[PDB]
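Residue numbers (the UniProt record's numbering), protein chains in the order written: chain A, 40 to 102, 112 to 132, 140 to 208, 213 to 359, 448 to 489; chain B, 35 to 360, 449 to 489; chain C, 35 to 360, 449 to 489; chain D, 35 to 338, 340, 343 to 360, 448 to 489. Cβ coordinates follow ideal geometry from the N, Cα and C atoms, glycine included. Below is one structure; the comments refer to it alone.
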Amino acid sequence: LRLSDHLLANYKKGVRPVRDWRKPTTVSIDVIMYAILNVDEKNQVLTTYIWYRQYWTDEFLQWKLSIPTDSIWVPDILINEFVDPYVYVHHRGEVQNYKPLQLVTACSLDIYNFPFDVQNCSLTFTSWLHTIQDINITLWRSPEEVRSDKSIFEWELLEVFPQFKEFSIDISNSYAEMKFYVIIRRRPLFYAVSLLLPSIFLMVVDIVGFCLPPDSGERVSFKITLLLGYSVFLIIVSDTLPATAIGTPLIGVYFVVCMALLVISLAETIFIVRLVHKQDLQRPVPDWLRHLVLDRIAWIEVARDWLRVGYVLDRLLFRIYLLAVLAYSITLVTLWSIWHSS
Amino acid sequence: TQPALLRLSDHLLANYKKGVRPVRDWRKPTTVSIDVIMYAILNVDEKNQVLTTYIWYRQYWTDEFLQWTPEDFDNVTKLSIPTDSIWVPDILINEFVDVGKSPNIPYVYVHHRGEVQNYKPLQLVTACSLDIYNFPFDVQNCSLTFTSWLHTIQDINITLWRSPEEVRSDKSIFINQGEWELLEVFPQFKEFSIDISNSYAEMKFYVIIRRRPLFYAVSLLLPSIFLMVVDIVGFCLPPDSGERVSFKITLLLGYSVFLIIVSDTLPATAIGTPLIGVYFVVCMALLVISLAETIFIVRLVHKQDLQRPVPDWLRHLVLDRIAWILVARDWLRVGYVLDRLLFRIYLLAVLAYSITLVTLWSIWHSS
Amino acid sequence: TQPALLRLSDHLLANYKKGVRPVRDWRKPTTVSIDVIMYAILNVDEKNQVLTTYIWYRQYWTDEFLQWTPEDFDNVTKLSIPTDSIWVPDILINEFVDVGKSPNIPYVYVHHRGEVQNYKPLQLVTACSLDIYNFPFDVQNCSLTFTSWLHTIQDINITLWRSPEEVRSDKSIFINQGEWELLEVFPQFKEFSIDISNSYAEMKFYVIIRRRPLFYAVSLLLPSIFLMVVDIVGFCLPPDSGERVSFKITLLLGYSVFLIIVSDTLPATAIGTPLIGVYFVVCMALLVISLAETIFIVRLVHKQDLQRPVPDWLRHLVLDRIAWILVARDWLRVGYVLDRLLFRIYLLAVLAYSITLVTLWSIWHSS
Amino acid sequence: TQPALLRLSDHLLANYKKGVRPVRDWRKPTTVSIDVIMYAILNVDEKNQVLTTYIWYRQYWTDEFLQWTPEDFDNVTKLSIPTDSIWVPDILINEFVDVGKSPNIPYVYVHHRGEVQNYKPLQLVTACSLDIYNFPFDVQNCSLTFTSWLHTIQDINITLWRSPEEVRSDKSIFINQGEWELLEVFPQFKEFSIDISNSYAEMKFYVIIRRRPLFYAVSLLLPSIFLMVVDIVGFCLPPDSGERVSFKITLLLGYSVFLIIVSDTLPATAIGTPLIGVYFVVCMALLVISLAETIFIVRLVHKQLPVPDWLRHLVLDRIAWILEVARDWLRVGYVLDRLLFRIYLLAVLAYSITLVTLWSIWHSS
Ligand SMILES: NCCc1c[nH]c2ccc(O)cc12
Ligand SMILES: NCCc1c[nH]c2ccc(O)cc12
């Protein structure tokens, strides 16, 4: 009890421990990651669980002692991109600080590879107000060699490595910047089942629908039901994939491409249904665009007028849709290869 | 005591009282200089109220009790002492709904002439006016006001550390990510007085903000126009006694899904739904009317039913409305002419929808 | 000489002991006038029955130790004593389930006669009843009980700064743009006694609020009405025709999705579900029953599976039904009477839904 | 002259020092009565294994240094002393995780015989083992232990202000319209000792909370059973080789939306998913299998190949006993579709049975 009274008398919080104020103090911090947490995909902020572990170098306190955090000085080393009591002090001249934190740090998020995304984010360390001409953050050891190889970890933590430069930080002329880039990976299984699994069947059922007779009215009902299916799947699209200034990911483009393609197919099918003997109306073609289109096809009552053109247009659209499906498959293969590479 | 930093700090904080305002004459109000630099507007979340933002905040007021003269002390020109030892003005936001989670930092700089610098980040959450009538092409005008919560004008006064024209166009450190882009910050100085004649000092920072609708356009708009163009052929291309019974209900369910999608991302507000939602409701009503028409004039009601006398004065109307616009046979003719009328109404509705989307885009771009 | 403020603050705070109730006679209670201004209703959580609201709170008590003659201290009649340096009473809301992220105001005005004014913004997370039987046309009242945690009437007595009418009809700074509209704030003071000699002062503010249902009406009421209307009008199709089968199938798919998201959207409390959830699940059951009727119809005529069996239950039940409403052929007649019965049931259900909506709106608008 | 309250407070705290046990004698201990009243169960995070409550915790210890004759201080028989100027028992919670944000009450009465009372609201966050295997019909049993911390009895003897019967039915102030229903608060007294030399004193405020399933009845159970019935009637209605693939994929999309809602509603634990997530996943798997088989059969029949004959013998012998070369393919597709329908009916029967069994266990409490 009386030990604290003696030590607290000859100590001031506001002053830096220095023999002379010209000499700059040295502060060391080692960042410990654990249990990576949810990342808000909106490209605004990500939340992670961290351990601080700050080590000091020189203090004018000499005589294990436990003291409240308000009885010893703690430097205001914080994070530049940052949003949202017992002290382990030794009599030899070293102090230890134990406190868990959540960064909830703002960063730049990449969605263009959803859901197989391996994005990079930074953890910059500095002091918000200190000029840091005397409290530089030169570290005790280099975390590059030791931290990178192994760590103690819906998201996967992959690699955290440091990087330093002298002059930086925009709040003031701050000498403290030891950036901690963070690499994370996402579990895609739930996202795969929720998005890719129902969508890929929406690519193969439409192929099956092309086997139906184009002139038959049953294909119209099939396309109507698939249009309702895309209407329903739009809810999944809106709920699952996030919003970003870059827009929808590379997967989201193919969804609207296939929806537009099926809309065009349905419109063509309905037009052919009208123009075949169901309604016909002896409607003639100008015979100019007809022969032009026939010449284009040449390289890779009222029956032949409409049935042939409808069939060839349906075959062309089926080829286009199969090409779109192949592009989708290639995109997923490439995304999975690049994500599993990391 | 050889470094004498302890001596300097204890000399400045010897007879200093934190609670007393630092003025030699009590009749002179203390003037606070405010600098606000935007960082992000992350997590706008619900659009009924609330606006989350991150700013970098500064304060510059002169303390007359910390005017220690140099050339006799350690010859320093800059001292840092904890914020818990000096008087700090009670500057607060009127819309200060949530304090948020921000690191409260000590050690405000104190100059050798007494000037105090109070750099501090603020993770603000404020309540402002959010008009979603033009969604997704939305531009919002939210206020970040700063005022003394309890001190009056003759106690605390508010000024700007830099001229307003510098504040408007100094979005330097702002990160240009997320769905929202900051356009303008407008500082204005309007006094505050609610009940009695104790004049307050209030400064308004009008944060003009803009939304990027690219994702929203791709996700919600382009499918909507696809359903419009499906309806346009659907009214005229499929004839009666066909698949129209399933067609109209399927597109009606699609429009209902569109209303659902608009609803989930847009919270309840004094305005019911944006203009796009109003047009979706109108198209749903038109589809209901078309379905009622088809069922009532085709199939079991009229096509299968026989010897049902249908008179009325509508045949007198079609002798004139068909000129203005341009029992089985009678039923087919009346169904066809009313279907053409519904075609014209829906074509007008789609034209109005496209025109209003163009108008909203023009307003959003010309902001 | 010393500044006027420093001398006055030293004179007031010398030999001043907080934690002692500032009265020169301990037998007279300290009257703490209370005034509350409602600023915003941040959130009304029916899940946890907690009301999140933001109010501007003012206190008013007389400290008999902080009295000074204005003739001295250079004619000063007001000060800024820190809050944590004097006696501040123990009034707090009994309904707290969370303190809230309310900023602290470290200053008060002490007048030259001892009158102390406390201004602070309170972010309240308080428990309520939150009956959702009338959703969306929902009117709810919440109490804000201000009483001292452990001070009786003989120690602390709570009154109103303003007259009850002024508190009731304030509507000054409230944000009239959210989901909830503030109807009134009803203050009334009742002495609360746990026993015969431990009466406690208590002030109750009744925050009566009213939801804005236009958004919910457009999002939920219009689609959920159009869908049942088209379901009614689709019974005009022949019961035995296969065109109704696809109609029923796709209507089932769309309406099932619609109800999935609706049931996700609707709130739920301990009492159960709103009055419209009953009609929604009733329509669920009715649509399932209609599809089962189609199942029975299709198997009769699509194949020869049901042609061989004959009705063993006879027409007695069917005869009673046709009296109440007013081999194949027999099965088709059974299908027709069941279809007519389901038509009556749908008509009754939709009529009841419309009457319920009208009654809910009339209750909501009247009060 | 001097105010009675001011003079009395000056006299009481002049010789008083915080940190020393108020009992003048060095032998007999300091009894500390306790009275805990539950107000609300704010949050139960099963993933983090933290129980967030809100109690009204009261202490009644008879201080000995705060004794005064009323006749000497203008008949003041009761005084309000700041809680930071006198000794207060250091009773903490053994299951402590976080203290939360609770209002600060800085006053405590002392009577003319030194009878201090300390009422305080606590937004406690405690760690208790939570099992969600019976969601939403789950009954939890979370402890609440108040310990002596520094003192090792014969200094502080924690006792109850009221008998366990009074504290058991503390529903006079509870907000009983939330998700969790407070069943009982049963206190248990037991002494634990680090060493045989001396023992500690503690209480065990067993708090049993039962979840109200009516919150999720319309959100999960009714939509789930509606989708089960819809899947059944969608197996029944369309022909197996007919125009069903479009309807089946629309149904699959709807049920995937339902699973999105479920994942946004159900809670997650390190133990695993509740008993209904298994049924949801099983129904998804069977629906996907049915859609894939129907797609395969329709593709083969529209291909126009007759039978592999490595399975026809077993299908006729075994698979057929569930109860034009493409015609045999259509028949075997129909047989497998009927088998899948029977499997789905068995699965929905199991789902219906387990819900009543879970409800009965929940109702048994
Ligand atoms: N910035 C608000 C200052 C203010 C002026 N009048 C008030 C009345 C109550 C209150 O809490 C605050 C105020
Ligand atoms: N002085 C008010 C004490 C108090 C607070 N909450 C209470 C609830 C019930 C009661 O009898 C008393 C109280």
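Look at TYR167(B): its beta carbon is at least 7 Å from all of the heavy atoms in ligand 1. For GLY288(D), the residues of chain A that pass the 8 Å Cβ criterion are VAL291, in the order they occur in the chain. Bridge partners of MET237(B) according to DSSP: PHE180(B). For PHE281(D), the nearest CB of chain C lies under 8 Å from its own CB, placing it at the interface with that chain. Taking the beta carbon of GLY311(C) as reference, the chain D residues within 8 Å of it are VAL252, listed in sequence order. Taken through DSSP and simplified to helix, strand or coil, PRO155(C) comes out as strand. CA-to-CA, the gap between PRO104(C) and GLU149(C) works out to about 14 Å. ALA74(B): not part of any alpha helix (DSSP H); member of the beta strand (DSSP E) spanning 64-74, first to last residue. For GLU215(A), the enclosing beta strand (DSSP E) starts and ends at 214-223. Residues of chain C whose Cβ lies closer than 9 Å to the Cβ of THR284(A) are, in chain order, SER280, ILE283, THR284 and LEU287.
With a threshold of 7 Å, the Cβ atom of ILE125(C) does not count as near ligand 2, since no heavy atom of the ligand is closer than that.
For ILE467(C), no Cβ of chain A is located within less than 8 Å of the residue's own Cβ. In the three-state reduction of the DSSP assignment, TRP358(D) falls in the coil class, being assigned neither a helical nor a strand state. Against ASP265(B), chain C offers no close residue; the least beta-carbon distance is about 15 Å (beta-carbon pairs closer than 7 Å). Residue-level contact check: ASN77(B) touches chain A, since one or more beta carbons of chain A fall below 8 Å from its beta carbon.
For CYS270(D), the neighbours in chain C by C-beta distance under 8 Å run, in chain order, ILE329. Classified as exposed, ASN109(D) has fewer than 16 neighbouring CB atoms from the shown chains inside 10 Å of its CB. Taken in chain order, the members of the region 147-162 of chain D whose beta-carbon sits within less than 8 Å of a beta-carbon on chain C are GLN151, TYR153, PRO155 and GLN157. Of the candidates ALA474(A), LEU85(A) and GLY53(A), the residue whose Cα lies closest to the Cα of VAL312(A) is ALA474(A). Between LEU85(A) and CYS176(A), the C-beta spacing is below 8 Å.
In chain order, the residues that have a beta carbon nearer than 6 Å to some heavy atom of ligand 2 are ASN128(C), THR181(C), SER182(C), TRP183(C), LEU184(C), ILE228(C), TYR234(C) and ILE207(D). For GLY306(C), the three-state secondary structure derived from DSSP is strand. When DSSP states are grouped into helix, strand and coil, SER297(D) belongs to the helix group. Within the region 309-357 of chain C, the runs of alpha helix (DSSP H) that reach at least 4 residues and sit entirely inside it are, in chain order, 309-335. Taking 8 Å as the threshold, the shortest C-beta distance from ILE294(D) to chain A falls below it.
Residues of chain C whose Cβ lies closer than 8 Å to the Cβ of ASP132(B) are, in chain order, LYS135 and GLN157. DSSP places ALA161(C) within a strand segment (E or B) once states are collapsed to three. When 8 Å is used as the limit between beta carbons, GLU277(A) is near these residues of chain D: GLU277, in chain order.
In this structure the region 180-195 of chain B touches the region 116-128 of chain B; the number of beta carbon pairs closer than 8 Å is three or more.
Membership of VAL449(C) in any alpha helix (DSSP H) is not indicated, and neither H nor E is assigned to it by DSSP.
In the DSSP assignment, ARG202(D) falls within the unbroken alpha helix (DSSP H) covering 198-202. Any Cβ of chain D closer than 8 Å to the Cβ of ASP229(C) would place that residue at the interface, and such an atom is absent. For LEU325(D), the C-beta contacts it makes with chain A under 8 Å involve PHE260, in order along the chain.
Distances between the C-beta of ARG92(C) and the heavy atoms of ligand 1 include at least one below 7 Å. At a threshold of 7 Å, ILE209(C) does not count as near ligand 1, since its beta carbon sits no closer than that to any of the ligand's heavy atoms. When DSSP reads this structure, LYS112(B) sits in a beta bridge with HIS145(B).
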